Structures are given as structure tokens and as C-alpha cells.
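Undergrad: The structure under discussion is supplied below as C-alpha cells; questions concerning it will follow.
Residue numbers (PDB author numbering), protein chains in the order written: chain D, 161 to 209; chain H, 2 to 92.
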């Protein structure tokens with residue numbers, strides 16, 4: 161009888177939580193290519209000429 | 002007796018002696034096998050890439066100046082005749 165609606169008030173409180181999610185990310189560097197260059201005096205002169 | 006005649010000499014070496022000895026045999030074999038200097042550069046890179054995984058850059062010329070960023074202890078410099086066999090693995 162001592163406990164009363166005005167005497168005791170019960171309130172339910174919860175904290176907002178973001179939904180857990182699972183994501184997969186893959187990173188792969190730019191493609192690299194092999195280059196072979198041969199330089200000769202005549203070839204340099206020909207471009208220059 | 003041509004192999005005795007070439008006498009390839011490494012002016013600057015930054016690799017294990019056992020590995021360095023293997024490079025000399027490959028360098029002598031590559032020069033006789035390849036008809037032209039351009040072929041020699043491709044053959045050296047392919048053999049080293051198969052032997053050791055990684056990225057290998059090889060440049061051989063009569064006269065050239067080179068500054069490179071290579072993995073430590075993976076750069077061997079050897080000169081035979083007028084050809085410089087230079088390989089530097091970069092990560």
C-alpha cells in the first residue's frame with residue numbers, strides 16, 4: 161500500500177546502437193609492365209636529325 | 002677456351018659470395034647464347050626472376066650512368082668486355 165503510482169514511477173531507457181554489418185574490401189595495385197629499351201648513338205642522332 | 006678468355010670481373014658486388022659465383026656463370030652463358038646485347042638483358046632478367054622471385058631490372062650498355070633504389074644485398078655489379086651486367090631487385 162505504501163508504494164503508489166505517484167510515489168514510485170518506472171521509466172524504461174535504452175541507448176541507440178548502430179546495427180553491426182560485415183563488409184569485405186580488396187585492394188590491388190595498378191598493373192605493372194616490363195619495358196626493354198636499347199639506345200645507340202645513331203638512333204639518338206636519327207631522332208635528333 | 003672462350004670462357005677462360007672472357008674473365009668477367011665484378012667491379013662492385015653487394016651480394017653473398019656463393020650467389021655472386023652463380024651470377025658469373027649465368028653472365029658468361031647469357032653472352033654466348035644471346036646473338037645481340039638486347040637479348041642478353043632479357044635472358045639475365047628471366048633467369049634471375051625464375052631463380053629468385055621479385056621484380057628485377059637489368060640494363061647492359063657500352064657506356065652508361067646509373068643511380069637506382071634496390072633491395073639491400075640484391076645488387077651485383079659485374080663488367081665483362083664492354084658489357085655491364087647490372088641487376089637490382091626493387092620491392
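Positions of the beta carbon are idealized from the N, C-alpha and C atoms, including for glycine.
1. Which one of H:78, H:83 and H:33 has the shortest CA to CA distance from residue 15 of chain H?
2. Can you have a look at residue 69 of chain H and say buried or exposed, based on whether 16 or more other CB atoms are within 10 angstroms of its CB?
3. State whether the region 176-183 of chain D contacts the region 36-53 of chain H, with contact taken as three or more CB pairs (one from each stretch) at a distance under 8 Å.
4. Determine the direct distance from the alpha carbon of residue 91 of chain H to that of residue 195 of chain D, and round the result to whole angstroms.
5. Once the 5 residues before and after residue 56 of chain H are set aside, which same chain residues still bring their CB inside 6 Å of it?
6. Could you tell me if residue 59 of chain H is buried or exposed, where buried requires 16 or more neighbouring beta carbons within 10 angstroms of its beta carbon?
7. What residues in the region 187-203 of chain D have a beta carbon less than 7 Å from any beta carbon of chain H?
8. Starting from residue 32 of chain H, follow the alpha helix (DSSP H) in both directions and report where the run begins and ends.
TA: Considering the structure as presented:
1. Cα-wise, what sits closest to residue 15 of chain H is H:78.
2. Counting Cβ neighbours within 10 Å, residue 69 of chain H comes out exposed, since fewer than 16 surround it.
3. Contact fails: fewer than three Cβ-Cβ distances are below 8 Å.
4. Taking the straight line joining both Cα atoms gives about 15 Å.
5. Excluding positions up to five away in sequence, the list reads 91.
6. With 16 or more other Cβ atoms from the protein chains shown falling within 10 Å of its own Cβ, residue 59 of chain H counts as buried.
7. Against chain H - using a Cβ distance shorter than 7 Å - the residues of the region 187-203 of chain D are 196 and 198.
8. That run of the alpha helix (DSSP H) goes 18-34.
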